[PDB]
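Student: Quick one: the structure is below, and I'll ask about it shortly.
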Amino acid sequence: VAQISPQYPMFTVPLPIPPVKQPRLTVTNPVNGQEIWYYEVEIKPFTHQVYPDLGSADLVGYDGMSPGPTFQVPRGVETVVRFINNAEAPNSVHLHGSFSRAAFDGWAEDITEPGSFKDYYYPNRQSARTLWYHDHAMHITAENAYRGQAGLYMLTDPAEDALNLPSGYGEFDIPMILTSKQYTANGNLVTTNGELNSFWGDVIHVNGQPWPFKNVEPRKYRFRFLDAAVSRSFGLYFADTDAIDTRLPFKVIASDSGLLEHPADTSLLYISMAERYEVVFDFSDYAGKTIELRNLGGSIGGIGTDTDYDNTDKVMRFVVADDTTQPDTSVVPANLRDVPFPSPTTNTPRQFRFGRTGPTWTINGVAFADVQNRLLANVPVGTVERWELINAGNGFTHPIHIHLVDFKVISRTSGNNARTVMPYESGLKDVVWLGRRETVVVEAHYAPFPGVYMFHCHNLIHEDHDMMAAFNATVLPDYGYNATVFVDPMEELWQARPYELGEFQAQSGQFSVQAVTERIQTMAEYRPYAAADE
Ligand SMILES: *[C@@H]1O[C@H](CO)[C@@H](O[C@@H]2O[C@H](CO)[C@@H](O[C@@H]3O[C@H](CO)[C@@H](O)[C@H](O)[C@@H]3O)[C@H](O)[C@H]2NC(C)=O)[C@H](O)[C@H]1NC(C)=O
Ligand SMILES: *[C@@H]1O[C@H](CO)[C@@H](O[C@@H]2O[C@H](CO)[C@@H](O)[C@H](O)[C@H]2NC(C)=O)[C@H](O)[C@H]1NC(C)=O
Ligand SMILES: [Cu+2]
Ligand SMILES: [Cu+2]
Ligand SMILES: [Cu+2]
Ligand SMILES: [Cu+2]
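Going by PDB author numbering, the sequence shown opens with residue 1, and the numbers climb by one from there.
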């Protein structure tokens with residue numbers, strides 16, 4: 001249907017690469033003698049000239065940019081990030097893909113007010129994977145994410161680096177953060193405020209840029225796909241502009257939680273909100289050609305319900321040189337890793353129905369705001385459970401996300417007989433797409449940390465109004481590991497604290513090296529992640 005946003009000069013602006021975020025300090029952990037990397041991120045308003053010949057867009061971003069800066073953290077290095085709210089609305093940061101403790105996970109009511117900050121303590125112990133950090137504040141998550149509070153967080157491992165996949169952040173390892181937005185006649189964003197069904201967007205962005213292009217060499221690139229859109233799901237394919245409907249083969253090497261067991265040979269990649277898929281595309285057969293990354297129409301070929309617009313079939317263009325300047329020394333091995341699948345369970349699956357209750361998006365008839373009713377599962381730490389995730393509706397779809405865990409996709413049924421489990425769903429994930437009339441069973445190890453965690457639809461419009469609930473990963477009173485201060489996301493110890501802008505700017509007061517060092521060493525003494533040691 002007709003594009004609403006003004007006409008954009010397609011494929012004329014180079015793909016931006018978010019800069020790598022550097023830590024301010026390292027602090028010695030007195031428990032283990034190891035360095036904890038300490039970072040500061042200031043959440044603040046900024047404007048960005050999206051349309052060349054119109055006015056600017058109003059954004060609020062991590063370090064005043066969108067996407068936020070990219071974190072790059074080696075497995076085994078703990079990090080503390082001081083997220084500083086210098087904006088106009090509260091925030092709650094979630095590191096999506098991280099088994100963070102309840103109070104460091106972005107619980108939706110665990111907000112930071114403007115003129116406050118919160119120290120998030122991250123474990124960085126899980127398998128190499130593409131995480132992303134983004135806003136999770138109750139009621140306002142869609143608008144906070146839409147206006148720019150999302151960025152990438154790459155957990156690296158020299159074992160994955162030894163596979164010799166295409167490498168170098170911004171060289172042959174390229175972030176591909178997909179969003180879908182709408183702009184006014186004067187080039188400002190159309191707000192998501194007021195939208196209660198879905199905010200599709202008619203302008204496709206990669207790394208914050210409408211319909212960009214990139215010059216590539218005829219060799220292999222790693223692409224880290226992330227659907228950071230408010231409501232838009234994609235069906236991605238590559239085509240030569242000389243044969244724009246002919247899909248070119250590629251390999252999926254990783255899902256939300258890390259590498260697949262083997263690359264999945266693929267010409268079409270379904271990716272819904274919050275899903276990450278890493279792809280190796282080989283441009284060697286397309287020297288001197290232009291390859292367009294495109295998006296399936298027909299509401300992702302009958303899987304979705306998303307509205308299609310004039311240019312939502314287009315993502316970006318790659319212009320391929322005639323030759324490489326350096327040898328392609330990268331490979332995609334047939335055997336990537338042994339995926340650490342959870343134990344199979346014979347426990348009867350729990351059922352969660354994703355539907356509407358009057359005008360409100362609900363789980364088993366419940367809204368997250370309803371404290372009394374929203375705790376839907378008590379799961380002893382170490383238990384494996386199958387959850388049967390049910391979309392009974394034909395008129396909407398739900399990418400379902402479960403905090404804490406990585407899960408195996410066991411089964412998909414479709415009331416439209418459309419599809420079962422995809423080859424790139426063979427590994428471990430933390431989001432799975434319930435297409436039209438789809439039921440998915442997932443299997444997860446509820447481990448290794450006790451606490452109260454969220455699960456929800458990651459259509460941010462549905463999540464906000466109000467398709468989200470909680471489970472409690474429970475322990476017996478003799479468990480240890482300071483569980484008493486780590487199970488409650490609202491624990492006073494870990495709450496946001498006020499700051500004065502002056503001290504932040506001067507790096508004085510509670511921003512002094514001494515104050516930060518004492519705060520982190522005190523946090524580290526509680527040993528938040530000890531239960532995951534090996
Ligand atoms: C989620 O599960 C956790 C347990 O994994 C729950 O925390 C536990 O809450 C129980 C009941 O409040 C506590 O036991 C009680 O302790 C008090 C005070 O010492 C005592 O007077 C009672 O007779 C009883 O023994 C338990 O200590 C606590 N455990 C931990 C590790 O914090 C938590 O309540 C659950 N959260 C929700 C919202 O259900
Ligand atoms: C639970 O957290 C407490 C408080 O941080 C830890 O106790 C401290 O242990 C340190 C060693 O880093 C001592 O020097 C402090 O004097 C302790 N403070 C108190 C009040 O005990 C404790 O080690 C943690 N326990 C576990 C199991 O992680
Ligand atoms: Cu998320
Ligand atoms: Cu998450
Ligand atoms: Cu939904
Ligand atoms: Cu969440």
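Here a beta-carbon is modelled for each residue, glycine too, at the ideal position from N, C-alpha and C.
Is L404 near ligand 1, going by C-beta to nearest heavy atom under 7 angstroms?
Tutor: Not under cutoff, so the answer is no.
Student: Is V384 helix, strand or coil by DSSP?
Tutor: Three-state DSSP puts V384 in a strand.
Student: So is the beta-carbon of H96 under 7 angstroms away from any non-hydrogen atom of ligand 4?
Tutor: Yes, since a heavy atom of ligand 4 falls inside the 7 angstroms radius drawn around the Cβ of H96.
Student: Is it buried or exposed, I244, if we count other Cβ atoms within 10 angstroms and call 16 or more buried?
Tutor: That one is exposed.
Student: State buried or exposed for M490, treating a residue as buried only when at least 16 other CB atoms are found within 10 Å of its CB.
Tutor: Classification of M490: exposed, given that the 10 Å Cβ count is below 16.
Student: Roughly how far, in whole angstroms, is the beta-carbon of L434 from the beta-carbon of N391, given that I think they are within contact range, below 8 angstroms?
Tutor: Between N391 and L434 the Cβ distance is about 4 angstroms, and since that is below 8 angstroms, they are a contact.
Student: Can you tell me whether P69 is helix, strand or coil according to DSSP?
Tutor: Correct three-state label for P69: strand.
Student: Could you have a look at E78 and say whether DSSP puts it in helix, strand or coil?
Tutor: Residue state, collapsed to three classes: coil.
Student: Give the residues whose C-beta lies closer than 5 angstroms to at least one heavy atom of ligand 2, in chain order.
Tutor: Taking each Cβ in turn, the ones that pass are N482, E525, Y526, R527.
Student: For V371, does the count of other Cβ atoms within 10 angstroms reach 16, so buried, or fall short, so exposed?
Tutor: Exposed.
Student: Would the beta-carbon of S5 fall within 8 angstroms of that of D202?
Tutor: Contact: yes.
Student: I need the boundaries of the alpha helix (DSSP H) containing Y146, first residue and last residue.
Tutor: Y146 -> alpha helix (DSSP H) spans 141-147.
Student: Rounded to whole angstroms, what is the Cα-Cα separation between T191 and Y183?
Tutor: Rounded to the nearest angstrom, the two C-alpha atoms are 9 angstroms apart.
Student: Restricting to Cα atoms, I'd like to know which of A334, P114, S272 is closest to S299.
Tutor: Cα-wise, what sits closest to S299 is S272.
Student: Which word fits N207, buried or exposed, when buried means at least 16 other C-beta atoms lie within 10 angstroms of its C-beta?
Tutor: Classification of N207: buried, given that the 10 Å Cβ count is 16 or more.
Student: Any heavy atom of ligand 4 closer than 7 angstroms to the beta-carbon of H205?
Tutor: No, ligand 4 has no heavy atom inside 7 angstroms of this Cβ.
Student: Would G97 pass as a contact of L131 if the rule is Cβ separation under 8 angstroms?
Tutor: Yes, the pair counts as a contact, with Cβ atoms nearer than the cut-off.
Student: Please look up how many angstroms separate the CB atoms of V339 and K289, rounded, as I've assumed it's under 8 angstroms.
Tutor: 35 angstroms between Cβ atoms; not a contact.
Student: Considering only residues of the same chain and omitting the five flanking positions on each side of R125, which have a CB-CB separation below 8 angstroms?
Tutor: If we look at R125 and ignore the five residues flanking it on each side, its Cβ neighbours are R75, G76, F99, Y529, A532.
Student: Taking the alpha-carbon of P210 as reference, which of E438, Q7, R527 has the nearest alpha-carbon?
Tutor: That would be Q7, whose Cα lies nearest to the Cα of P210.
Student: If you check the beta carbons only, do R232 and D135 fall under 8 angstroms apart?
Tutor: Their beta carbons are not under 8 angstroms apart, which means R232 does not touch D135 by this criterion.
Student: So, with DSSP's three-state summary, where would you put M454?
Tutor: Note: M454 maps to strand in three-state DSSP.
Student: Ordered along the chain, which non-local residues of its own chain (more than five positions away) have a Cβ less than 8 angstroms from that of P448?
Tutor: Excluding sequence neighbours, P448 sits near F99, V381, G382, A531, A532.
Student: Taking the alpha-carbon of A128 as reference, which of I253, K214, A473 has the nearest alpha-carbon?
Tutor: Among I253, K214, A473, the Cα nearest to that of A128 belongs to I253.
Student: Where do the ends of the beta strand (DSSP E) carrying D313 lie?
Tutor: Careful: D313 lies outside any beta strand (DSSP E) and carries neither H nor E.
Student: Would you call the stretch 481-488 in contact with the stretch 167-181, where contact means no fewer than 3 C-beta pairs closer than 8 angstroms?
Tutor: With the cut-off at 8 angstroms, the stretch 481-488 and the stretch 167-181 do not touch.
Student: Using only the heavy atoms of ligand 3, determine whether one of them is closer than 7 angstroms to the beta carbon of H139.
Tutor: Checking the Cβ of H139 against ligand 3 gives no.
Student: Specify the secondary structure class of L493 as computed by DSSP and reduced to three states.
Tutor: It is helical.
Student: Grouping DSSP H, G and I as helix and E and B as strand, with all else coil, what is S116?
Tutor: DSSP places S116 in strand when its eight states are reduced to three.
Student: Could you tell me whether the Cβ atoms of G187 and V50 are closer together than 8 angstroms?
Tutor: In this structure, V50 lies closer than 8 angstroms to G187 by Cβ.
Student: Drop a sphere of 10 angstroms on the beta-carbon of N378, count the other beta-carbons inside from all chains shown, and report buried for 16 or more, exposed for fewer.
Tutor: So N378 counts as exposed.
Student: Check whether the Cβ of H401 lies closer than 7 angstroms to any heavy atom of ligand 4, and answer yes or no.
Tutor: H401: yes, Cβ under 7 angstroms from ligand 4.
Student: Is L428 helix, strand or coil when you go by DSSP?
Tutor: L428 falls in the coil class under three-state DSSP.
Student: By DSSP, does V379 sit in helix, in strand, or in coil?
Tutor: Strand.
Student: What would DSSP say about residue 564, mapped onto helix, strand or coil?
Tutor: Nothing about residue 564 can be reported from this structure: the residues present for the chain run from 1 to 534 only.
Student: Between the C-alpha atoms of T357 and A287, what's the straight-line distance to the nearest angstrom?
Tutor: Those two C-alpha atoms are separated by around 54 angstroms.
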